[PDB]
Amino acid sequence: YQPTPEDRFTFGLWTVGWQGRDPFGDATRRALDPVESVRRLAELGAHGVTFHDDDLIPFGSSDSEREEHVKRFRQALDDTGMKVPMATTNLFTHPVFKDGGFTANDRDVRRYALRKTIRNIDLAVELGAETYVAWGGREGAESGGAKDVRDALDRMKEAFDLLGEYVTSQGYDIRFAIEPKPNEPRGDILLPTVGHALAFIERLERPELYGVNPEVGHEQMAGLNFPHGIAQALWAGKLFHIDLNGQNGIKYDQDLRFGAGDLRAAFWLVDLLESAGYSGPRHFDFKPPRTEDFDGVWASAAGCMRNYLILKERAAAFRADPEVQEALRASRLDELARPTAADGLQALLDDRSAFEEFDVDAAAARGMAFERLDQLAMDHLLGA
């Protein structure tokens, strides 16, 4: 279960580099030089790294400091063969963003948020990133009067439309991936789920330039089924990036290593990504727990990839097993894939087998055989 380049595993600088600050505790680890993280991740078999502007370039850097940080980072990438497939903006840490970036009530803040973003899109392109994530962690409210959501969605559409105009005007080959989250750090976050973000994208001027960046933990913070949401994103053709991690139910954002948390959901997610032929990077947005020293940081990172690969093997074995294929037919998964009424509406209307002569009791007596199927899936997951 040793990772390879084709596996395309990627990590945020802010993941392994998380110093361990939490709402109730100080840092437990020293800051990492992004150069060291690139080296260490490459040695573990990662394919690439991602960044927030402020992870790579200290906030408020001069042009000359900016240049030197980027230079050093590029040398590490060249030294290791690591790629930079995705970048994003930090529009959440600095106090100025306490009520939002793109949907701050203060118009001057909204404009500043756009200018910060646009500066880093230029950098992202310079580094070869083809995806630009946006997680509006500060867009939202703690109280009902603080944020008129219709006006906020107008400001959010305005901002993304301006960004689409900018990338189009520059001829850039980059697309955006909007990351939902239901809450934390705001009491409620705008675009709280995969669904709300998919729906919002359809109202943008250039919808083709935007997709979702769903995160395992975030949908689970709403008690939603993350494989189901990914399936809807896939169905819509909007899965432009994914964040992989673990989460134990409805609570604060834990960002556990991938595999931890809801293990059966991790299994079904890998099954779906691999079955659908998803071609994007398998990106980890996780935090080694603050209990850990650097050895545990690298162990946690390695474990992300290991778990993905173990689940990939098990899901593959599940789908290739003739007994599972038989069970899937027994449960009528083949029938679900066939059109209800390719014969068309009139034919349906005139088909007495769909109504007057439909034997409801005979149909109702038919078992779905879902338990046997799911125990086959469990046996495969556990290698039993």
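So that there is no doubt, residue numbering starts at 1 and follows the sequence shown.
Asker: Of the two stretches 122-130 and 174-182, which shows the higher Cα B-factor on average in the entry?
Answerer: The stretch with the larger average C-alpha B-factor is 122-130.
Asker: Taking only the CA atoms, which stretch has the higher mean B-factor in the record, 201-209 or 146-154?
Answerer: Mean B over CA atoms: larger for 201-209.
Asker: Just the C-alpha B-factor column, please: which of 62, 50, 331, 325 has the biggest number?
Answerer: If I rank 62, 50, 331, 325 by C-alpha B-factor, first place goes to 62.
Asker: For the CA B factor values reported in this entry, which option in 370, 9, 14, 24 has the top one?
Answerer: Most elevated C-alpha B-factor of the set, per the entry: 24.
Asker: Taking the chain's C-alpha temperature factors as the reference, tell me which third residue 384 falls into: lowest, middle or highest.
Answerer: For residue 384, the deposited C-alpha B-factor lands in the highest third.
Asker: Give the position of residue 218 by CA B-factor within its chain, expressed as the lowest, middle or highest third.
Answerer: Bottom third by C-alpha B-factor.
Asker: Name the third of the chain's ranked CA B-factors that contains residue 98, choosing lowest, middle or highest.
Answerer: Lowest third, going by the recorded CA B-factors of the chain.
Asker: Would you check the entry's CA temperature factor for residue 314 and let me know if it's in the chain's lowest, middle or highest third?
Answerer: According to the entry, residue 314 has a C-alpha B-factor in the chain's middle third.
Asker: Which third of the chain holds residue 261 when residues are ordered by C-alpha B factor: lowest, middle or highest?
Answerer: Lowest third.
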